[PDB]
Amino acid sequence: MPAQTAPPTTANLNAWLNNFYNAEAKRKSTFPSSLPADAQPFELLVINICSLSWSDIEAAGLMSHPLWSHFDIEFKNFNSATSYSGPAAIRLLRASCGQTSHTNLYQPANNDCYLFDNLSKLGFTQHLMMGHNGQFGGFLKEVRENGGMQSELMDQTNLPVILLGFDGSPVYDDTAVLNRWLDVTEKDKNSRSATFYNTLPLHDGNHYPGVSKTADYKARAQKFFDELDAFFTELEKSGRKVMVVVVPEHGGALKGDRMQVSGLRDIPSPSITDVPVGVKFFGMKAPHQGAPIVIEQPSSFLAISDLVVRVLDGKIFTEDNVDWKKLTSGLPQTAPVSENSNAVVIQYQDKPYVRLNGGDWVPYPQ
């Protein structure tokens, strides 16, 4: 996180953004060349959630849902760096390198930028899982072409449908998807796997079968958080060693502002990109006791990659005295810079600004 000493001017913010990109380009999440020979295998499950920010959860009265107190680690100031689904998945799939501009999401990146490819080199079977068919917005195509994720889509046949999207496509029940994930990872002939799971029940336009109005966001979120929390309980009981990372793509923009009305995401505003990220470890000999460890520093995907690197050997799952402080200290910080095509949002001296299509930086409503 480099200096914002100069007074805010459009030129100074342009320069700061350039310096941010240049500093980010030097950042890698470095993986070991091999695992220790006594490594303990485990499953990594990355749950990538559409349309979920702190602001949304507060608007829906779900800040105190039991899910949020169930995590071992929680990032209080994680930035999604974008307000669109495809870009958010690409950024997460490229978690192992510094944050790039929007444009550079659609240019190749170094192979060691690709989190799941880094894990594959260490022996983790890759799984791609979705609670939908990925057709809307060309999402699955972007996951494959720019996120580098070529794995077969995990079988979705016979999954119960809980919502229909705006396009009439199915939204599958997360409980059913996740319970199938348990079986598929058991049957994949590998003791370790890493799964990218994208789920969007909170998407705009989703409606119950037979009902034309889109379903209440709060109701869908309550059910989704109930299901995720109950899955955590099923997972604890399985005895299986699992690291779960819950990473929203971006908020649903429930609460608008003076510049951008509710539901619109053209501008990746702070309220849209400030998303809760949680990590929970299952099957530990010494499970984390007490309330989540809260990481307050500004964070983004690079911190997820570096956290995964820290536990690659799986010893966290068998240690008697886990050094949670060490595990959660010194993770990489990332300034809250967010981009879509031709819109960039930054915090400069703790105030947000927006720059659209190379116009001036405009103070963003606070």
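Position 1 is the first residue in the sequence shown; the rest follow in order.
Annotation for 107 to 115 versus 86 to 94: the higher mean temperature factor (C-alpha) is found in 107 to 115.
Averaged over Cα atoms, the B-factor as recorded in the entry is higher for 181 to 189 than for the other of 181 to 189 and 242 to 250.
Ranking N146, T100, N79, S269 by the C-alpha B-factor listed in the PDB entry places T100 at the top. Remark: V344 belongs to the middle third of its chain, ranked by C-alpha B-factor as recorded. Split the chain's modelled residues into thirds by C-alpha temperature factor. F232 is in the middle one.
Sort the modelled residues of the chain by CA B factor and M129 lands in the lowest third. When the CA B factors of the chain's modelled residues are split into thirds, the value for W324 lands in the highest one. When the modelled residues of the chain are ordered by C-alpha B-factor, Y197 sits in the lowest third.
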